[PDB]
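The numbering of the sequence shown is this note's numbering, which starts it at 893 and goes up by one.
From the three backbone atoms N, C-alpha and C, an ideal C-beta is built for every residue, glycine too.
Just below is one structure, and these are the notes that go with it.
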Amino acid sequence: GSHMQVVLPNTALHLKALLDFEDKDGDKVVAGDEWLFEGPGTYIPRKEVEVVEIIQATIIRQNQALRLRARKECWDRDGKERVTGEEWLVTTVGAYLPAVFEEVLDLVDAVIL
């Protein structure tokens, strides 16, 4: 195992959230959630989730941003199993964060000056 690491060089890894979450509101997970993690340097393997895959940085620019939206309905970004309507935007400077259930919709050049 690599144990907790340090702020990666603008890279991210895919983690799988393993936990029994039963909610009567209409949304519940059963040991089967997974998502990408940018800058997981301080990420540690906790029973709650488990390291699934890893990704280095090498594709974005210094301002280009990538807005991605969920495709299924179980990929949690900050640990909150959201639905396909949930989406997140990546603002890395020279990297590449391929989500798992969230696909990209387009590109957005950020402002440098």
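Contact check for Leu928 against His895 fails: the beta carbons are separated by 8 Å or more.
Straight-line spacing of the CA atoms in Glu942 and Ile1004 works out to 37 Å. Boundaries of the beta strand (DSSP E) around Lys908: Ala904 to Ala909. For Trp927, the uninterrupted beta strand (DSSP E) segment begins and ends at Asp925 to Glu930.
Excluding residues up to 5 positions away in sequence, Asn902, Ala949, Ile952, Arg953 and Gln954 lie with their Cβ nearer than 7 Å to the Cβ of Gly986 in the same chain.
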